[PDB]
Structures are given as C-alpha cells and as structure tokens.
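Dumping the structure here so I can ask a few things about it.
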Amino acid sequence: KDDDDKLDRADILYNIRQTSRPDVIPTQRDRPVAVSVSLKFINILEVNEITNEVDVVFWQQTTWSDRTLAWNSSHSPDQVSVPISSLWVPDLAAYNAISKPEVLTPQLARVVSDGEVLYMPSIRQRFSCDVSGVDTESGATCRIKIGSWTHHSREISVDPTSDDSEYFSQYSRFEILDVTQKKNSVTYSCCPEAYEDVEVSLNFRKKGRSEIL
Amino acid sequence: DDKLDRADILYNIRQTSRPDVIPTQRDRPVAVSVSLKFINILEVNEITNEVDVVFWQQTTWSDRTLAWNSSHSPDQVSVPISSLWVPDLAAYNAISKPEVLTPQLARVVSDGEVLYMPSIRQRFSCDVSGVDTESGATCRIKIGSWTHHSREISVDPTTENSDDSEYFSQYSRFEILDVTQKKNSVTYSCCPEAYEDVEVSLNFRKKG
Amino acid sequence: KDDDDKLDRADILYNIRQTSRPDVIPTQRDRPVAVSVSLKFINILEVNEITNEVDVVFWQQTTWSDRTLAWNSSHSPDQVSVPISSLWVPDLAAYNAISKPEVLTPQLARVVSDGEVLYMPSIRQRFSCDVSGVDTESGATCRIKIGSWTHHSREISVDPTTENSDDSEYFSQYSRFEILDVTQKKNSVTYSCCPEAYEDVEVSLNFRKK
Amino acid sequence: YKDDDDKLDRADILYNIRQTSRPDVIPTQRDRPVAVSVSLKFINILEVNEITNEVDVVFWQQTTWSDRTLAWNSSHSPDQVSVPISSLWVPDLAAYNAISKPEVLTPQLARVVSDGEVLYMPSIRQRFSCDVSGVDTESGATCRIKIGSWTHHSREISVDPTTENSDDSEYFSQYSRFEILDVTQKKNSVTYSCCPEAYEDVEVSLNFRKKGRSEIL
Amino acid sequence: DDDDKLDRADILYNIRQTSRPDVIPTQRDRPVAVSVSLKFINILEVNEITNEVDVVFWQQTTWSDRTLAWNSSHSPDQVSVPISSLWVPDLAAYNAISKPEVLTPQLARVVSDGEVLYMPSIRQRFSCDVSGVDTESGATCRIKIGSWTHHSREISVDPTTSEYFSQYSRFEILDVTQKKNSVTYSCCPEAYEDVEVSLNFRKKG
Ligand SMILES: C(=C1/CCCN=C1c1cccnc1)/c1cc[nH]c1
Ligand SMILES: C(=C1/CCCN=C1c1cccnc1)/c1cc[nH]c1
Ligand SMILES: C(=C1/CCCN=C1c1cccnc1)/c1cc[nH]c1
Ligand SMILES: C(=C1/CCCN=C1c1cccnc1)/c1cc[nH]c1
Ligand SMILES: C(=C1/CCCN=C1c1cccnc1)/c1cc[nH]c1
C-alpha cells in the first residue's frame, strides 16, 4: 500500500546511496558473500559443431544480501529499483566465454527492505563448449562455468539455487532437454586460492531432427 | 521561442526531476503508453526465425511535478533524457541491444506530460513462417518495464490496430498487413509479481 | 593577423563557455533557429537493389547562428575551434537512416566572431531509399530526409542549400559508383495525429554503377 | 587470512590505496625501471586464416608489478583487496603485431597485495598478424606475439617473462579445433635505427596445430 | 634522474597546471607546426570488388608547446602523459571510409624542451584503386591527413624530414611518398595544410 509513495522511494534511494559501498565486497559476520546465480536460457541462436562454439541468450538471475542496505518497511515501500552503478555487484565472469557479455536490458537491480539485492540482466554471449551430439536424440551438453573473477572462495561463494520451459523461446531452432546447475570449485597448480563457481550444464538438441532409422 | 523562458523551464525541470525514482502520482502505478511505429524491416531470417527491424517507440507518461504555468511562456521544451526519469522498457524476445538511432531528447509539456520517441534498430527471435504468403508472418514482440511490476508501472497501448501507412518505408521488400498492440500481463510460476506489458503483433509479408 | 594570439583564443573559449547554453535552442527574438545542412558525399560503399539500402560516407556541413556568442574581433581572432560538448547543436536526424550515424572525425565545431557556428562531421551511415535504376544510364535517386528530431517548425527551420553538383571535390575517384547529381529541396512533414510540422531537407542523391 | 572478510578493513585499505595511488605516474622505486612481468595463458584459438596470416585468440594476460607505496601491514587485516584499474597505475602494454583492439572480456579489477604487489589478469580477445604456416602439420605453426610498453623505454619499464615454457594444459580449452604444443616467452630488446631508446619487450611464441590433420580428402 | 618518481609526479602536475587542452599552442603569433610521418605496419582486408583496403600504421606526430618546458638539469628528461591532459592536433584522414581504430595506449611523450610526441597505431579503411593489385605495377592508396578544423593560418601539417612493415602481410610495398599538400575547396577561402601519403603496393609473388 506504500509502494507508490514517491517521496518514500526517493528517501529509500537516498538512504541506499548513503550506505552503499559499490567497490567493497559486502562481507557480513566474517563470512564470504554468498552469491546465488541461476541462468534462465531464453534462446540458442547459433551453434557450430566444427568449432565447438555456441551463441546464447539467458537471464542471469543474481542475488545476494547486504543488510547494511535494509530499512524498516512497516510504512514504506518494500522494494525499489536502483541503478547498479550505485551498488556493489559481484564481479562474475564465464571462464569459457569467447565474446563480451552483451547486456540487453536496463542496468537496474531491485533492492528489498531486508537487504536482498536482485540483479537479472538479459545477456547474449558466445562460449567455447562441447557441441558434439547436437543433432542426436540425446543432444549436446554445453557446460558454462561462472564465478567471481577476482575474489577467491574465502571472499565470495558463487552458488546455484529444469528444462526452462517457462523461459525458452518456442521459436528457437533448438530445444532444451535439461539444465543442471551445480557447485564447483576451481584451483590452479600455481596458487593456493580456490574459486567457487557454478557449473551450468545445458543439454540441448536441434529441433525436428532427421535420422536414419 | 523566448530563450530565457526556455532556459528557466529547463532549470525548473532539473531542480524538480528525480531521474532514478518512478513518478508515481497519488498512490497509483505510473501509466506508460507505448506504441511502436514500424519504419523498416531490414532482414528476415527464415533459417533462424529472426527479424531485424527499425521502429519509432512512441512513449508517453505524466509527471505532474514537472508542470508549469504556460500562460505567457513556452508550451513545451526539449530535455536530454539524462535529466529525466524514463521507463526502463525492454523487449522480452530481443536478441540484440536496442540501438538508438536518434538524439536522446524528450519533450516535456507544461502540463507535465513527457514524450520520448527514439528510433530503435533491434533484432528479435519470433515466428517468421508465412512471410512469403498472403497471410504473412506474424512476429510477436512483448515490451514492458524490466524491473517494475504492475503495482509500480502499467505499460499500455494507444492504437490497437494500424497498417503504419504514415510511417513504414515504401522501399522495403516487405509490407505491413497489420500491427496489433494489446495489453498483456505476465506472471512467472516462481513469484507473485505480475508485469504489465504491451504485446506487439507485427503481421507482414514480402511484397509480390 | 590576431588569429594566433593564444591568450586571446583562450579568453574567447572562456567567454563562449560562460555564455553558451548547450541544452537550450538559441532562438533570437521571436524566430525559429535557422539551420543549414549540406551533405558532401565522400563515398558510396555498398548498394543493394533488392533490399533498397545504401551505405555511404559524407561530410555533413551544418551551420546556424547564436548571436550571444559573438564578440568584437577588431583586435582578436576571427574564429576558434570549440568542442561540441560546450555548444548547443541541432538535434538533426535522418528520418530514413537504418544505422547509427558513425562519426569519423574530431568532434569540434568552429565558432565565428559574428556568432555563426559550423559543425561538419564526416559520417558513415546506412539508409533505406530507392536504389531502383542504379544499373541504368539515368541511375538511381536515393533521397535522404534530414530534420530536427524534437523541434517543430516554430522552433527550428531547416533550410536547403541552392547548390547543385556531383561532389567532384569530395567524392572518391575509386568508388564503384558515380554521382550524377546531388540536390536539396525544403520539405515539411506533418502527421495526421498532430498539429506540429517538422521541417526537413530532402537530399536527392542521383548516382549509378560505373 | 582470518581478517579477509573484515569489511571496514577492506574499505579502509581501498581508501588508503586511493589516497596514495598516482594512476598516471610510473611507480619507479629507487632509481630503477618498473619490472613488469607478463605471462599469456592461452584459452581459445577462435580463427586461423591461412590466406591472410591472421589469428583470433583469447588469452588471460597475467600482469604483475610492484608499487611498494601501496603496501600495508596485514598482520591483522586483509592480505589482498580487489581494486578498479582506474584507481591504479597500470603498464601501457601493447602488442606490436596486434591488428585489433584488445577486447577485455572480464571485470576490470586488479588485486593489490599487502606487500605492494599488483596483479591484473584480464581475459582478452584479440587478433594478430603472425606466421600461421604449418598449422595443419605435425610440427604446427608458431605465431609470435611481441608485447611491450608503448611509451616507456627500457630505463623506465622492463617487460619480462615469468615462465619460459608450457603447453597451457591447465588453461587451454579441450574443445578447441586446435591444440597447443608449446608456449615460450622470451625477453626481447628492440631498438630502431632512427633513435637511441630501447624498448624491453616479451616475445610470446605460440606453437599450435589443428586437431585431426589427416582427413578423407 | 629519470626514475625519480616524485620528480615525475611534479612534472605531470606542472604540465597539467599550464596545459590548455582545448587551445592551440600558437607561439609568437605563428601557426602550430605539426610534423607527421606514417610508418606502415600492414595492409589487410584488400577487396578488389569494392576497391577498399585496410591499413595499419603508426602515426608519428610531433609539435612543440614551449609553455610545457622545464629545467631538467636535475630531473627527468621526458615523461608520459595521457593525451586528455594535453592539447593534441585534431588530425583526421579526410578521405577515410571507417572510424580510425586506435590500437595503442593513448599516451604522449612530453620532452623537457616542450616537444610532444604522440604516435598511435591506427587501423583504418580507405577507398583505393585495387584493380592492379595482382600486377607488377600494383595498387595505390592515397591518404590525406590534416587538421579537421584548423586552417593553414592556425596549423601547418608537414611531413617529417622495412623496419616496421609486417613480414607476414599478403602484400609488399613498392613505394611510399609523404608530401606537403595544401587543400582548398572552390566554395571557401580557407586552405588546409595536409600530408598526402601515397601508398603503392602489390600482392607478393
Ligand atoms: C587467476 C585467476 C584464476 C581464476 C580466474 N580469475 C583469476 C584472477 C585472479 C586474480 C585477478 N584476476 C583474475 C589465476 C589463475 C592462475 N593464476 C592466476
Ligand atoms: C524477473 C523478471 C521477469 C520479468 C522481466 N524482468 C524481471 C526482473 C525482475 C527484477 C529485476 N530484473 C528483472 C524474474 C525472476 C524470476 N522470474 C522472472
Ligand atoms: C513524433 C515525431 C515526428 C517527427 C520526428 N520526430 C518526432 C518526435 C516528436 C517529439 C519527440 N521525439 C520525436 C511523432 C509523434 C506522432 N507522430 C510523429
Ligand atoms: C616510437 C616507438 C617505438 C615503438 C613503440 N612505441 C614507440 C613510441 C614512443 C613514444 C610514444 N609513443 C610510442 C617510435 C618513434 C620512431 N620510431 C619508433
Ligand atoms: C570543411 C573542411 C574541409 C577540410 C576538412 N575539414 C573541414 C572543416 C572545416 C571546419 C569545420 N569542420 C571541418 C569544408 C570544406 C568545404 N566546405 C567546408
């Protein structure tokens, strides 16, 4: 009932900008920042079986908490939209991306009165992954690994939260069999740091395939 | 055309404008009217079900806090959109960034109405089958606020049906049979919020 | 003889930045701002007769006046270069452009002591226009329509030049195409919905494949 | 390590770095050149054009140097923080044979270590003019990439390799059309007969080949 | 003294206090003398159908601004400076058909005597006669570089009075000339001083 009180929203934005530290990780209770990531695939635009590359569009549902941003919403809006330039956002990258992430949507996040932040850009991006079997019944399984680029596991944990039937375009030349998203840890022989990431396994295949029976 | 009046109006708008806060008046959602006027259909890819199009995105809404008495001053001024709140519209089936081809200025009217109408080039995933037939193809584009649900913003059409004869290029390979624009509400199973959108059905065919 | 007086130039630039209102149309008295636009074609890069599209490069000579910027040049520079971010510039758009105007050149304008402003970017841009006849002796005639995007005729008037040429001084000798004629006609656009009229110049590019 | 998640500590370190940092001045200590270490970890080879002698590749550019004025005592505070590169001096590296801008695929953050070490490792997609002859043979092609400071000569910046040899097995995509045989990185000093200054660069030699070189037809 | 950091910071501070990035550094009420020399690095994406060519070149650009000079008897002789802190000539390739792609860090060198050197590596496309590219006589590209907005009374742009070209280009250079040229248009009285660069090349073989 108080959502549409403009002055209240303006004051909330003011409060957020006073407290927000866009360049500092919001670690609370001496624990790493728990970042949840879930990709909702919207389309598969191009796949190349020779080069093992895919071109896809997905909604990157990204959530985390910063309780320093919280406010009492007993008589004020429960949520507001905030430009991400005013907020800290996780420095996520896909390890096997071969193009820049192209953000297709307005760069606004939602901040909830309990301090939860939700940012969900629609991203088009190209990846190097296993496209073998895309023209078969069992299809291909393209794996995409996403994690913090510069923050190791003691600082940020990136965690997962389907056939994406609610999201995936019915007009794609491909169809999604299954999308699994699992916790994964990465370490390199040179160095002690581990990186937490989510491994997204996209199992898909070409629609209306012609087979030899 | 009184320059000092215009400068003062712009000053006033910038003193009052809150570019990041939705202009909810009373305790109601912001009513955003959107109407796409198609100008060109550049490419139609039957292999991939994709279209590349150019359209004017006629967008209007009110912010009465911007209003002024224009009895003896200009009725409207042009304002850079960076000085204004503008709705965070996005097309759900866009597969490229909206490319704005025109100067990023809005008109503000002395009654507080704002008109923003970018020319946009953008690619979409949609049903392209039938494009070379009498019935044509019907490509549906859903547009709405990306982050504001129905209690905060309503996105509504103006003209429900039009052949865009005043807008669409006579030199295109294609012709417009009908552009239908209707209110549409989207909810996802995961969450309670609804998003109020305009569903734009672009029915077009290859000229022959 | 005072053009290269550096302190003079710095002071002129200072004065312009004190006076200039980059977001307000420089209307003088009770009249629209008169804007002249002349396209000088450098090249025609690609033409598609099936889709009726062209890819061109041109110098967009744009002139207007803001008398509030004028100064007494009797013992100072006649002109200076000014970043366009410091100036009001006409919000011109090509109504049949199908790509963003790509500016190839430094974004500087000239301001003359009498208040004339000249901005002439080199632009690469694609258009939807009539390419029919490009392979004939008479060639194709592609019309490019340019006017203010948000200012109607009471606020900005776009006045065509009286020039008639094949742009021999500008156009690449090595283009696959040849320009037969480039002309401009004043035109006014109105839509049935609304009373406002928008002034434009229609630039007619008559060209053919060599 | 126990203090890594102390948020106020991190904010204060960032403030300190921003008070001390001179983003446009080389961090010369004593009167010695800034020692810049560079190591390219190749991830993908996207395109190899045998007609034109061009390659399009993705690599992680591991770049390290020291600015001891940024150091702090981390006995009871975070050992490292992430910092936007706009707040830091970064070496003005360029590849002499690049034919496209470096496209940075990742967030533009560096790590600053409490001893003053800085680590910046962007993933970069870039195109190069190099020798691709032999890519379809057993011995492969060897594409050499020369990287150095664009405007600082050897008295001001030295650009040196880290690891001499590797097949990048931990980094290179197993799904590429190509496979890496060896990546060698050597110091190289370049002077032009016109002028006296020398530029101290790294020559990166990427020896790679197409998989499945024996085809039917 | 070159690697004295505080000295370098102070020089940068001094340059920024005196630099007027938007005002031409005309001295003695004479035009700014800008010297330009292109070093060709590569010839790429040559299209014989469309008569277009990509070139990569280092654009060696020098001029002086004596107000930037300092006494370097006990301090650095030279420093690197972001070009945003300096006036730089507004050079353009008048005839180019693509945006210049600057491939290198946008830093200039400032010498203690006030000399400035800026040398971007640039990739850019041009309209050229490519018809003879596979013949002994070859193809020709003409590139005209000058100030975009400053005429000859304000800026003079003159040519400076195998080490660089890629050994892996498909093409080889037959000749390069870089000549003083003054460009005037029938419509208007101003002349623009430019360097006319003629690049003659052919496919190897
Ligand atoms: C660096 C990694 C691995 C995980 C991805 N990000 C980073 C990173 C770390 C720090 C700064 N920038 C990027 C690395 C892996 C081996 N040696 C260095
Ligand atoms: C999010 C949606 C759906 C409507 C489009 N915008 C949003 C959105 C909402 C909030 C922030 N950014 C985008 C969503 C989440 C689960 N399911 C859909
Ligand atoms: C708007 C037009 C037509 C001329 C082009 N610019 C505008 C415009 C006007 C105002 C703001 N932004 C663009 C329009 C509206 C209905 N019919 C045409
Ligand atoms: C310039 C060189 C050497 C190659 C690398 N960088 C530079 C450089 C030097 C200074 C500023 N910007 C670039 C040069 C000049 C004549 N010959 C070579
Ligand atoms: C203008 C030229 C020719 C040389 C290139 N720059 C300019 C210029 C001059 C002023 C501002 N912006 C560009 C010109 C040529 C014929 N009529 C006008």
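If you go along the chain as it appears here, the first residue is 1 and each next one adds 1.
Method on record in the header is X-ray crystallography, 1.8 Å.
Backbone N, Cα and C atoms are what each Cβ position is placed from, and that goes for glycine too.
Pasting the feature list from the PDB entry:
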type	residues	note
SEQADV	C:1-6	expression tag
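From Swiss-Prot, for reference:
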type	residues	note
CARBOHYD	C:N72	N-linked glycosylation site
DOMAIN	C:101-204	domain 'Ig-like'
DISULFID	C:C129-C:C142	disulfide bond
In angstrom units, rounded to an integer, how far apart are the Cα atoms of C:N72 (N-linked glycosylation site) and C:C142 (disulfide bond)?
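Rounded to the nearest whole number, the Cα-Cα distance is 44 Å.
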Tell me which recorded positions (C:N72, C:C129, C:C142) have a Cβ under 6 A from ligand 3; sequence order is fine.
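What lies within reach of ligand 3, judged by Cβ under 6 Å, is none of the recorded positions.
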In sequence order, which residues at least six apart in the same chain have a CB under 8 Å from the CB of C:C129 (disulfide bond)?
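Residues satisfying the criterion: C:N52, C:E53, C:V54, C:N96, C:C142, C:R143, C:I144, C:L205.
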Cβ within less than 8 Å of a chain B Cβ is the test here; which of the recorded positions C:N72, C:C129, C:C142 meet it?
C:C129
Neighbour count, 10 Å Cβ-Cβ cut-off, for the residue listed as 'N-linked glycosylation site': what number do you get?
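For the residue listed as 'N-linked glycosylation site', the count of other Cβ atoms within 10 Å is 7.
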Among the recorded positions C:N72, C:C129, C:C142, which sit with their Cβ under 8 Å from a Cβ of chain E?
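Answer, by Cβ distance to chain E: none.
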Applying a 10 Å Cβ distance cut-off over all chains shown, what neighbour count does C:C142 (disulfide bond) have?
25
Where DSSP helix means H, G or I and strand means E or B, what are the helix, strand and coil counts for the domain 'Ig-like' (C:101-204)?
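Here the numbers are 0 helix, 54 strand, 50 coil.
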